[PDB]
Structure formats: C-alpha cells, structure tokens
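Every read-out reported here was derived from the displayed coordinates using simple, explicitly stated rules and does not represent laboratory data. Virtual Cβ from ideal backbone geometry, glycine too; neighbours counted across all protein chains shown.
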Amino acid sequence: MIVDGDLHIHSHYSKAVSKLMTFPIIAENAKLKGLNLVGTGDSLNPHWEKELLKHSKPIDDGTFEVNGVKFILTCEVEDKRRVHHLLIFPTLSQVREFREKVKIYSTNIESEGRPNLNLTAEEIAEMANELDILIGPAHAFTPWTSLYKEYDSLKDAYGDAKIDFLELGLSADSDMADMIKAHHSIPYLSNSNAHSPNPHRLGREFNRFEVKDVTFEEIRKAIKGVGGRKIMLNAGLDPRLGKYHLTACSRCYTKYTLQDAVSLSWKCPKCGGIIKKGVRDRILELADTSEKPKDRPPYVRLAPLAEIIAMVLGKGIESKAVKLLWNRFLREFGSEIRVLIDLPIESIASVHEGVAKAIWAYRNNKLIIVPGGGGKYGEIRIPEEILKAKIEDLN
DNA sequence: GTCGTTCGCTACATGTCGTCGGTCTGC
DNA sequence: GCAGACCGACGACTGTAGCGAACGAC
Ligand SMILES: [Cl-]
Ligand SMILES: [Cl-]
Ligand SMILES: [Mg+2]
Ligand SMILES: [Zn+2]
Ligand SMILES: [Zn+2]
Ligand SMILES: [Zn+2]
C-alpha cells in the first residue's frame, strides 16, 4: 500500500506551538488533508505519552491509531551545541528506555516537548543506535539550530556514530542536498515541523512510502529500502518558499548575497540586525559534486493549497473565505497534493476557476516566487495575464 | 443604511539557552 | 587602560488574542 507520512510534528508541550496541537485535532486535520501517517512528536515527554495512550488504540507495540490516522513514535531533541535531531522509536519501550537514559543529561525532559540534552551529537546518535532508534539531523541547513550551521560535515558531528536519514527542511530539495556527496548514501525525509494543525502547516511536506501495512517496522524497511518497501516519493515545500532559503537579515528581512554578507561581516547596514546565512548559500559552501544518485526518489515541489487560495482570493491565509474554499476542495477531492500536482486543471476549474489557473501557473512554473530568508517565508504572486485570460487559450 | 461578521495587522507570550553588545573589575 | 568576568536583552523555537475597521446579508 502507498501512504503519505509526516514524521516531524510538535505537540502543545513544545514551545512556540499552538495549544490546538493535540492528538484528536491533529488526527482530524491530517485526515481532512489526506495524510495517512503522522509521527507523534515529542514522544520523550511522558505527559504526551499519556495523552497518546489515552486518545489512541494500539496497532502494535510501536504503532498507534486515532480517528483512523496512524501514528509512529517520533521526537526532536536539542544538542549540547544547539543542533536539532530527529528520532524515530520502534516501540514505546524504546521511548521509555531512551528517556530514562537521558534524564541525567537533561533538565526539561519531563517539562518540554522538545528537550535540551547535555550530550554531543555523536553521543545522542550512539545512544539511539544502541537502542535501534532512527536518528537524523532535522532541518539540517537552517542557520540557527541545524547541524550544518554548527558543523561542516556529518562526520564532524556524529563521528563514529550512524544516522538513518537526513531531514531536508523547507528551504531545500533533494537535488541541492545531493550536492554533497556523503548525502548520496543517506535516505531523505521531507517533514513539516508542524507547530499548528492549520492547512498550510500540518503536512506541508511529507514522504510517500510503499509499505505492506502501516506499522513502524514497515516504515523502517521503507526508509532503509529493503524487502520491497521504499520511500517512493518526497513531497515538500518549494525551496524558495522557506524561511531561510536565501541569506537575509533576522530583523528587517532584507536579502543579501553571500559576497555582500561576508563584506558586511554579517551586520545589516540599514537595519542594525544580525543577517543569517541562507541554506542555499550554505549548501553551495559545502558543495562536493555535480552528480547525484539514481536510486534517489523524486522530489515534488509544492506550494500549500491554502497559500494559493489566499493569493488568488486576495485575502489572508486565516480568513474564513480561504478556509471555506480549502474545505470545498478537500471535500470534492482527496488531498492537497492531488489538487496541486495530479488533478487536471479542468477538473479543478469546476470548484474554482481562478484557483485552477493559479495551479496551472504553478505547474508550468509561470508563478512569481519571491524567496524567503532570515526567518521570513517566501511569497507567491500571479501575473495579471494569467488571471484575466481564459483557460482554453492559456496553454 | 444596520449592525453582526469577517479582515488584516500589531503586540505579546512562554522557558531555555546561545549570542552579542555594553559594563564592572581587579590589575 | 585593559583583559576578562559579568550581565541583560534578545531571538529561535512561531501562533494568535484582540482591536479598529471594512464587509455584507438583512
Ligand atoms: Cl562551521
Ligand atoms: Cl535491515
Ligand atoms: Mg522542502
Ligand atoms: Zn527543530
Ligand atoms: Zn521541530
Ligand atoms: Zn536588517
């Protein structure tokens, strides 16, 4: 069976997240969005484990189900050097063992959903490998709390330890990450880092797995690519839409080149703020080869359907009009990805004509995109002639 | 034209832990 | 004067109450 899974979300116990991020709401929104699998997130926090055991029913010792949505145990932790890492746990026994194993290196493990571990990246990865916990650098290029902002290579961070994936992040896709030769041996994950269950947040990126059943072991085989199981697709936000795609200032969000950045010594002149290096420039720094492996699954860049609806209707992303149109699209059809990539534009025009024209413009790459940087998301705008012209003469 | 509804935007939170300036201090 | 301790503020890790103001079904 073919399932869409999002293995990186944060519960309401984490910081800077929404209080609505609870198991029932998450399951409802993932079901309405067409998301078959969602990682639990914050699994090290015992209160979130209690909420999971309450609001879910066991599929096996490591997979749970709530409101028809399956859930595997995932978590994100912060390094002694402020480097975020993602962990997938086989069973709840492994969750509890790893939790008790790191209580002597953390002070907020029972307090926050995203804990701070006073442990080296190598140490955390070794503790995960010993317990068969899958570990990988989460949002591995962001300039604030990533691996490649602190270290220059995966070996420099993990040393003799082993990692089982690399979360690409919003501002990256599989090709630019494959610009680093080591990554050719590593499976990619494209997750959402969801802090809100809203349309454009939960499942903004996901992984399309081929599995026999939706259980942790099947997902693990698919990530490793064994026994027929495989990650057959990597869907994600277009790299330009990300918060840190280009180098820009952290205060005024003015885009600077890498040359101008090193010239200004990372000081925004007309702002007085810290300018942070974009993930594109970082990858170009760490560039290794112009080649990339063939077994790599494709990466379908997508813009959130709610964002396209808000840009066509000329209204805010949270408005009731865009929410109503989004719900009508998700009722008439299956999922956001289907409406964005697979569905023919004539079928989209039955629900809304302007949205269909914008989706055609996004498919044909005739949609203006101002890239994001420094912490500001990229923006999508449509030309006038795309909206004022009919659909027949469009292509 | 009424007057509930919806919109867009600004301000603020909520704890740990870096970073990055400015300040004390002990020489 | 100066090295170096010390220190406070500031933002990532983003979401949303809540507040004038426009809207839009009577
Ligand atoms: Cl570095
Ligand atoms: Cl194996
Ligand atoms: Mg992406
Ligand atoms: Zn993170
Ligand atoms: Zn996260
Ligand atoms: Zn600036």
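Of all DSSP bridge pairs formed entirely within the stretch A:200-322, close to 70 percent run antiparallel.
Over the stretch A:267-389, Cα pairs under 8 Å with separation of 6+ residues give a relative contact order of 20 percent.
For the stretch A:337-395, the average shadow cast by the Cα convex hull is 4.5 nm², which is a quarter of the hull's surface.
Three principal axis extents of chain A based on alpha-carbon atoms, in descending order, are 63, 55, 41 Å. Annotation: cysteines of chain A without a disulfide-compatible partner (Cβ-Cβ under 4.7 angstrom) are A:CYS75.
Annotation: amide H-H contacts under 5 Å for A:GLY236 (H modelled 1.01 Å from N, sequence separation of 5 or more, or interchain): A:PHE206, A:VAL300, A:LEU302. Each 10 Å bin from zero up to the one holding the largest Cα-Cα distance in the stretch A:214-363 carries the following percent of pairs: 10, 24, 25, 28, 13, 1. Do the alpha carbons of any pairs in A:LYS70/A:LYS243; A:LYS57/A:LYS80; A:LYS70/A:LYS181 sit beyond 32 Å of each other, and which pairs? Long pairs (Cα-Cα over 32 Å): A:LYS57/A:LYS80; A:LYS70/A:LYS181. Ordered by the count of other Cβ atoms within 10 Å of each Cβ, fewest first, A:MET232, A:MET176 give A:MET232, A:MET176. Shown here is the pair-distance distribution of the stretch A:183-252: with all Cα-Cα distances grouped in 5 Å bins from zero up to the longest one, the shares run 3, 15, 18, 19, 17, 14, 7, 4, 2, 1, 0 percent. Scalar couplings 3J(HN,Hα) for the stretch A:178-193, obtained by applying the Karplus form with A = 6.51, B = -1.76, C = 1.60 to θ = phi - 60°, are 5, 4, 10, 5, 4, 4, 5, 9, 10, x, 8, 10, 10, 10, 9, 6 Hz; x denotes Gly and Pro.
Rg over Rh for the stretch A:1-133 works out to 0.96, both radii taken from alpha-carbon positions and Rh defined as the Kirkwood radius.
Report the residue, chosen from A:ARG81, A:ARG282, A:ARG251, that carries the largest GNM mean-square fluctuation when chain A is represented by alpha-carbon nodes joined by springs under 10 Å. In the Gaussian network model the winner is A:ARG251. Per the Kirkwood formula applied to alpha carbons, the stretch A:137-257 shows a radius of gyration over Rh ratio, Rg over Rh, of 0.99.
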